[PDB]
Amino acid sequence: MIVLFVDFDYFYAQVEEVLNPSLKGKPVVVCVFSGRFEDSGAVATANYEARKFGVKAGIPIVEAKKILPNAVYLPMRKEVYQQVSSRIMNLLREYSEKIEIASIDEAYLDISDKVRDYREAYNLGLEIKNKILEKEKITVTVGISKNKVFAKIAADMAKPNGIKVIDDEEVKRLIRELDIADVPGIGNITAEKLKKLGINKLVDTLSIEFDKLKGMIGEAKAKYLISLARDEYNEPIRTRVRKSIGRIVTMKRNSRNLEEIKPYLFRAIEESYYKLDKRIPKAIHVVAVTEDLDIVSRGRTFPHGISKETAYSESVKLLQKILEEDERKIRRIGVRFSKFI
C-alpha cells in the first residue's frame, strides 16, 4: 500500500491571499467574530508570517491583536473556502479514484495501483503540486508513506510547500523517536494526558499494559496507538461522507428566557436546512453553550425524516428540556442534524 496525502497550506489565509494578492508577504489572520464586543471571537487560521510571532488558531482575536495589531484581520468566509476546496478535490480525483477527503484542506490518495515504488509516487506528488499551483495558485504539502497516519506525518514535517516520503525504515525509526503528541488524532487533551504516564514516544505504548492505557486515554485511542507501534496500522482509504450539519449562534445577551432564545434557535434551524439542501435528517440535537462556556445538548431520533416544521416544534421541546435540567444561563444556542437518508 502506497498512500499519498495532500494538505493545503494555511488554507483559509491562502485563499484570501489568492483573492487579494496584495496580502502575500504580510501577516494574515482569518478570524471568527461572535459579535458581542468589538473584537470578540477567536482565530481560525493564520499564515506562516503570523504564526512566527505566536498567532495561532484558537487564541482570542484581542490576544492576536496585542501581538500583531496592524496585521490583516479578515472575517472567515467558509463558503468561499469550501468552493475552492471542492475545485482542488476534483483535481485530486483525476489522479486516483480511491480518495478520502479528510477535511476541508486535506485528502488521502491510495495510489497503490498507479505507482510501483516511492520514486514514482514522489514524481506523482510533484505533478499534483504543480497542477494545483497552476490551476488555483494554491501551494500544498505532499506526504507519502505506507499508511494514512505516516503519510500525514510526512506532510506535517515538510509543511509548507513541501514533499516528503517516509520509507519502511523511517517508519520503524519514527516509532521510536517521534513525539506521541504529533501523532494524527492526538489532540492537546490526550497529549498532556499521555505525558502523565511517561508515554512520550510511540514505542512506549508497547512497554505499558493495555488496561492502564485503556482507562486513561480510552479504548479507541489505545488500540489506535498500539497498532501504530506494532507497525500494523493499515486502514483503507474510504469515501467519507458528511454525517452532521448544524449551526450555533452566539446570542446577544445571555438569557434563560424561552421567547428570547427562540429567534436565534429558529434562525439556526433555517440556515441548517439550507445547508442540508436535499438531505433529509432523522435525528435533531439542540445544543447550548452556557455562560461558563460549558456545553449541554438534548437530542431525539425519529423513525422518519424531519420536516422543517417538525424541527421547529421539536427544537423548542428539547430547548425546554435543557432549561429544565440545567440552571445556568445560555450564551450560545444552536441545532445539529444527523442520520440522513
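One-based numbering along the sequence shown. In this text, rigid core is short for the largest set of C-alphas that superpose within 1.5 Å between two forms.
Peer 1: Do you reckon 266-274 or 190-198 strays further from the shown form in 8 other deposited structures of this protein, measuring C-alpha RMS after a core fit?
Peer 2: Taking the RMS over all superposed structures in 8 other deposited structures of this protein, 190-198 lies farther out.
Peer 1: Return whichever of 89-97 or 252-260 has the larger RMS Cα deviation from the displayed form in 8 other deposited structures of this protein, where every structure is aligned on the rigid core.
Peer 2: Higher average C-alpha offset in 8 other deposited structures of this protein goes to 252-260.
Peer 1: If you average the CA temperature factors over each stretch, which comes out higher, 173-181 or 106-114?
Peer 2: Between 106-114 and 173-181, it is 173-181 that shows the higher mean C-alpha B-factor.
Peer 1: Take the C-alpha B-factors listed in the entry for 77-85 and for 207-215, compute each mean, and give the stretch with the larger one.
Peer 2: Result: 207-215.
Peer 1: Highest recorded C-alpha temperature factor, please, choosing from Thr45, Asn70, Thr301, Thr310.
Peer 2: In the PDB entry, the greatest C-alpha B-factor among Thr45, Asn70, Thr301, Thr310 is found at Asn70.
Peer 1: Can you pull the Cα B-factors for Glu100, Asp168, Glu270, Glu232 from the entry and say which is highest?
Peer 2: Out of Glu100, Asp168, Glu270, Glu232, the record gives the largest C-alpha B-factor to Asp168.
Peer 1: Which third, lowest, middle or highest, does the C-alpha temperature factor of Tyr122 belong to within its own chain?
Peer 2: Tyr122: CA B-factor falls in the lowest third of its chain.
Peer 1: Looking at the C-alpha B-factor of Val3, is it in the lowest, middle or highest third of its chain?
Peer 2: As the PDB entry reports it, the C-alpha B-factor of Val3 lands in the middle third of its chain.
Peer 1: Name the third of the chain's ranked CA B-factors that contains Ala283, choosing lowest, middle or highest.
Peer 2: For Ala283, whose C-alpha B-factor we compare with every modelled residue in the chain, the answer is the lowest third.
Peer 1: Could you look up the Cα B-factor of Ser22 in the entry and say which third of the chain it sits in: lowest, middle or highest?
Peer 2: For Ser22, whose C-alpha B-factor we compare with every modelled residue in the chain, the answer is the highest third.
Peer 1: Splitting the chain's C-alpha B-factors into thirds, which one does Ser315 fall into?
Peer 2: For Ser315, the deposited C-alpha B-factor lands in the lowest third.
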